[PDB]
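Visitor: Provided hereafter are the protein sequence and its experimental coordinates.
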Amino acid sequence: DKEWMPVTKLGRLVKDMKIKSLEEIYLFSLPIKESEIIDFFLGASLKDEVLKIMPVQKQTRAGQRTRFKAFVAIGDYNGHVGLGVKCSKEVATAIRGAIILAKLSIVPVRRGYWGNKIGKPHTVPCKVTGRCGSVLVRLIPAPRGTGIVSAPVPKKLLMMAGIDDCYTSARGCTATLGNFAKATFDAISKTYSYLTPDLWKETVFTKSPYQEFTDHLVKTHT
Amino acid sequence: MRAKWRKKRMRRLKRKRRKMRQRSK
Amino acid sequence: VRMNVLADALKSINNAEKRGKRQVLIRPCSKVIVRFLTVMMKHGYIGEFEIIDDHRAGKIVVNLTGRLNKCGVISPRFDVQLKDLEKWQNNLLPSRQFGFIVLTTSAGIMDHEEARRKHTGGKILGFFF
Amino acid sequence: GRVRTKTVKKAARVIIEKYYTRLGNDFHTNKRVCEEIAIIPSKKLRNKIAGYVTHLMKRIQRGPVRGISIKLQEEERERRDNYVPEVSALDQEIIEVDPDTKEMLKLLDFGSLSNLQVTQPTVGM
Amino acid sequence: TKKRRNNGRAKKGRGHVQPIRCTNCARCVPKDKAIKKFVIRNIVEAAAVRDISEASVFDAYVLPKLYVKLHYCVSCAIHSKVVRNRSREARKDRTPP
Amino acid sequence: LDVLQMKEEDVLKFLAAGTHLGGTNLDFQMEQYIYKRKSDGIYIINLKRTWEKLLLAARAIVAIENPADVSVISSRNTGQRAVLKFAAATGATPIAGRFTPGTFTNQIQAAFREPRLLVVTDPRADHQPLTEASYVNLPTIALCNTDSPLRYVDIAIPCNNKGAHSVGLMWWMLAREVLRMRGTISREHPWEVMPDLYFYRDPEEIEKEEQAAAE
Amino acid sequence: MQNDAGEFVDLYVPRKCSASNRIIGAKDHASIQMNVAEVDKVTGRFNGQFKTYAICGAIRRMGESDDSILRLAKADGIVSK
Amino acid sequence: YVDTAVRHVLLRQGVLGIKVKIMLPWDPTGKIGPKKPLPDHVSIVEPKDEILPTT
RNA sequence: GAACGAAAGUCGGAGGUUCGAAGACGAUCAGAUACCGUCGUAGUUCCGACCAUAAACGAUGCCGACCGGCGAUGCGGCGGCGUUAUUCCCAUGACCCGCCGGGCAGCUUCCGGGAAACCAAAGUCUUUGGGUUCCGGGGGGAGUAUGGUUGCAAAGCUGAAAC
Ligand SMILES: [Mg+2]
Ligand SMILES: [Mg+2]
Ligand SMILES: [Mg+2]
Ligand SMILES: [Mg+2]
Ligand SMILES: [Mg+2]
Ligand SMILES: [Mg+2]
Ligand SMILES: [Mg+2]
Ligand SMILES: [Mg+2]
Ligand SMILES: [Mg+2]
Ligand SMILES: [Mg+2]
Ligand SMILES: [Mg+2]
Ligand SMILES: [Mg+2]
Ligand SMILES: [Zn+2]
């Protein structure tokens, strides 16, 4: 029941109702600033879980000061998940900050097949990898109905990512979630970055939404 | 205690045990 | 000193792909290398290539595309029987649909997909995807 | 000891940003204008803010000040420039520069009007 | 870990550098590691040059200069106030003014 | 093309401003722009490939639809004078001097824009918009010298950024081509004022001295 | 990517770069889509018709984009002879 | 501006000192907060005047 | 399996400048045999042999390819009616500019690695395979004990177990 307070010109295009889907934003890789844009595009992406709230310390002159570091994994089950890290002096403040930063750092997930082209994809398109710290996480394609064979935290993450079937291989300190979950995030973010043998042709090069609806942005800016 | 002087005192103990073996062959 | 010239070629190919250059200078020339690049041309990952025929040993210049993620040479050239290629499928190729493995068969330099239809098998040079 | 606080200077900058036509060069007038256009509880704070407002007025009326720029100051920046003499836009029709650009004007088709003969040694750097 | 890329001295090509004795505490240090400078003074302090100039036989025809190779080591040079410590970004610097 | 070619008045203006001379240090991506070295360290920049990049920068600027989506930056005082009367003339939005990092990243400050094209003067003096370009996804046109880095740069124009006459001639002739592309000024029509506005003004010592001499 | 039924399965087909032929990622903020418009006849009138040159993040960071735009438009014939 | 209370709590470990200080909000009309404004809080007005110049 | 291998140490021949293990005193110290000072043996020198060890370091095996730039240095080669040296064409000399081959190097960098420091190698490593040699599997016990082997000896090499 609050005004969106229009800003950053991308949300102003959204409130002018000109970009129909978040797919058009990920075509052009435009930066996002506020968190309610994907809440406008997605009404069921509120499925999230806090992973670990661990305390970190700073040794001051007499006593150590504490602040809690919250990890929140959000995601809609169609293949759009996000990870949010936020350190703050209060519990619910750190949780809200990690939720907002996960809404900011949501990415799409590419879904492929095991080798039969039936429909409703369930797995990664190829064997991908992700590195954060020393944590190398490898995602391997799986047959239909295999499941997610991993630790519970990236099992929940890939369950939110729409990947019903995948194989995992982790090396390094798997015990630290702040590197292991981000390495899994890099591994699921490289899925579109992988060069694939079915995108040979030059793309259509559709117009920018700024060029398409410049005049609405002019009459809302002036 | 330095590793150098630990090695030299074990070396002196080695020389003492060698002289003990020469004393009772 | 100088050995595995197909690996010497594919290291320059790999570094040119990771740098983002257009064309590669490769100082050895083997008929192994020529048929290897012929298979890569036939599958379309690379482009036109010109072999400057020197009197001693020429130089291959391959016009790159930008497609090659990773290509390399398996070193000792293992002797591979059929009903054992699935180990190399699960070890080398990033998926079932993608990638190819170069099987040196008894009738020439062939492909992983070509070998199961020719029903010959043989050695493995490397892989490209 | 006039090294007054950032809150004092920032309040005076808000005053000179919002209201410029109301202010003059007189302290006794600007102090009274500030008590109509703002709410200041302390009389010493009134005097401090009005003194820095008079100092900003003496800076702005004499020269350009980076710290704030209203639309009237933008029009003054437009006004300061347009008086353009005609002395050194283009010289007389004899220009001598370089034998390298002489060779450039010989290769790429242009006039190559005047003569060019300048030789320098290799005592560069 | 490493504190310096040069590991203190400037030995990179060769393997052994001759030790040269220090001045204050007299310790043999290799010459690429020891603080090696060249002090150039007047032979008389400038507050006493004027007295010798007034009481000199010649009419200012002699002005000697004292040149000394000064050779400290880094263990006593910090105490001798030459080679004061710097920052991590400040260790990349050159000849001070 | 055939009408976008340089003319004798254009090469008279370029050789009178003296923009053909550049820096003493080379760059590995400025190799095809330079033609021949010269003695005493000065290196000669050509005019044809400079004019072609000027033409493409003019094409890219006229290719915009909103004039507010083009921002013009210069921090050095030889370009600060040119920016204010450049961007307020035809089609852009000016900013000069202290860039205040955070102009395009965070949104707590009212000095926040969303540009779709950027033209800067000196990369070495404006390295910070070159850094902040990646978070905004904007192209970059720069008036580069032979000793300037080319990171986050799309269109480079080889020139001399030290000479104020060169800087003013580049901004003036850039706007002069932009206006003829937009259709304000015809092709066979000279400009109404001599470009010293974009060059420079020495302040009121010799300015008022030359005024009192011209009384 | 298609199935055996022949449907368009993929959510979005990303932009392949016009310099290095690499797929621009979704979070790859260091990419750019340059826009340069066409030029008319002897009169020299501006056209609304434009062409798009995609430059990706590693090319933009290494600085290959400066030579890449000219060597890409040289095949078009719009930059030079 | 600040209501300050210092109290004791008697538990089995001994006495426990509690100090509660509360900064009151500025309420110019009402008995809830102080009517006097803060001396550091400088309150300016909005731009007031508008259109209709000469004729 | 073998040749050299710093310094110190051992066995012969010559002397003995300086320094100087030990040793002797004089000082500080509650306590000093140490740090400060004085004398001074072995040694520090050379010629014959032995010992084969170090933070013997770049704490980074050797050979071969690729993957940025810049300013420099040294060693050869090439070009430059450029500059200066003999008496004067003939030739090397010195400075200046640029290139080439391997070398000791330095600055920056998102090319990438790595935990980071940092590295054009410590990169081309889950997108994992150029050839080859030697070593590491928690810290101690312990580079110790017992064997074999070299040495005049000090010791060197190989080198476990219980707990
Ligand atoms: Mg010791
Ligand atoms: Mg230390
Ligand atoms: Mg050594
Ligand atoms: Mg109490
Ligand atoms: Mg010796
Ligand atoms: Mg004897
Ligand atoms: Mg003595
Ligand atoms: Mg003693
Ligand atoms: Mg003895
Ligand atoms: Mg050893
Ligand atoms: Mg070795
Ligand atoms: Mg030489
Ligand atoms: Zn000393």
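Guide: It's in. Numbering: from 1, shown residues only, chains lettered A, B, ... in the order given. Ligands and ions are numbered 1, 2, ... in the order given.

Visitor: For residue C:128, which non-adjacent residue is spatially closest?
Guide: In this structure, residue C:128 finds its nearest non-sequential neighbour in residue C:71, 3.9 Å apart by CB to CB, 6 or more residues apart in numbering or on different chains. Placement of C-beta: from N, CA and C, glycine included.

Visitor: give me the residue from chain F nearest ligand 4.
Guide: At 43.5 Å from ligand 4, residue F:108 is the closest residue in chain F, using CB to the ion.

Visitor: helix or strand for the residue nearest to the spatial centre of chain C, which one?
Guide: Closest residue to the average C-alpha location of chain C: residue C:36 at 4.5 Å, with CA atoms, centre = their mean. Secondary structure assignment for residue C:36, by DSSP states H and E: helix C:31-42.

Visitor: Equivalent analysis for residue F:59, please.
Guide: Per DSSP H and E: residue F:59 is located in helix F:48-62.

Visitor: again, but for residue F:158
Guide: Following DSSP H and E, one finds residue F:158 outside all helices and strands.

Visitor: Measure how buried the residue nearest to residue E:53 when sequence neighbours are not counted is and give me the count.
Guide: Spatial nearest neighbour of residue E:53, chain neighbours left out: residue E:60 (6.3 Å); criterion: CB to CB, 6+ apart. By other CB atoms under 10 Å in any protein chain shown, 7 other residues sit near residue E:60.

Visitor: What does residue E:60 show for phi and psi?
Guide: Torsion angles at residue E:60 (phi, psi; degrees, to the nearest 10) stand at phi 60, psi 50.

Visitor: And residue H:7, by the same measure?
Guide: phi -130, psi 170.

Visitor: quick one: secondary structure of the closest residue to it other than its chain neighbours?
Guide: If the residues on either side of it in the chain are set aside, residue H:7 comes closest to residue H:18, at 5.1 Å by CB to CB, 6+ apart. Secondary structure, DSSP: H, G, I helix; E, B strand; the rest coil: residue H:18 is strand.

Visitor: Is there a neighbour count for whichever residue of chain E sits closest to RNA strand I? I'd like the number.
Guide: Closest contact between chain E and RNA strand I, by CB to the nearest atom of the strand, is at residue E:13 (3.0 Å). The local packing of residue E:13 (other CB under 10 Å) involves 5 other residues.

Visitor: Same check on residue C:17?
Guide: Number of residues near residue C:17 (other CB under 10 Å) recorded here: 22.

Visitor: Could you look up the next helix or strand downstream of the helix or strand that it is a member of?
Guide: Here residue C:17 sits within helix C:5-19, counting by DSSP H and E. Later in the chain than helix C:5-19, the nearest helix or strand by DSSP H and E is strand C:23-26.

Visitor: what sits against residue 70?
Guide: All of this refers to chain A. Going by CB atoms under 8 Å, 6 or more residues apart in numbering or on different chains, residue A:70 touches A:50, A:53, A:84-88, A:91, A:94-95, A:97-98.

Visitor: The chain in question should be chain F.
Guide: Contacts were defined as CB under 8 Å, 6+ apart; by that measure residue F:70 touches F:61, F:64, F:87, F:91-93, F:115-119.

Visitor: Assumed the residue of chain F closest to ligand 4 was part of a helix.
Guide: No. Assigned with three-state DSSP, residue F:108 falls outside any helix and is coil.

Visitor: Give the closest residue to residue 10 in space, chain neighbours not counted.
Guide: Just so you know, I chose chain A. Leaving out its chain neighbours, the residue that sits closest to residue A:10 by CB to CB, 6+ apart is residue A:30, at 6.0 Å.

Visitor: The intended chain is chain E.
Guide: Distances taken as CB to CB, 6+ apart place residue E:32 nearest to residue E:10, at 4.1 Å, with adjacent residues excluded.

Visitor: From chain H, how far off is the one you found?
Guide: 62 Å (CB to the nearest CB, to the nearest Å).

Visitor: Could you give the number of residues near that residue?
Guide: 16.

Visitor: In chain H, what residue comes closest to chain F?
Guide: Using CB to the nearest CB, the closest approach of chain H to chain F is made by residue H:47 at 15.4 Å.

Visitor: who's in contact with that residue?
Guide: D:18-19.

Visitor: Against residue A:21, how distant is the residue nearest to residue A:134 when sequence neighbours are not counted?
Guide: In space, and not counting its chain neighbours, residue A:134 is closest to residue A:172: 3.9 Å by CB to CB, 6+ apart. As for residue A:172, its distance to residue A:21 is 37 Å (criterion: CB to CB, to the nearest Å).

Visitor: which of those two has more neighbours?
Guide: residue A:172 (16 against 12).
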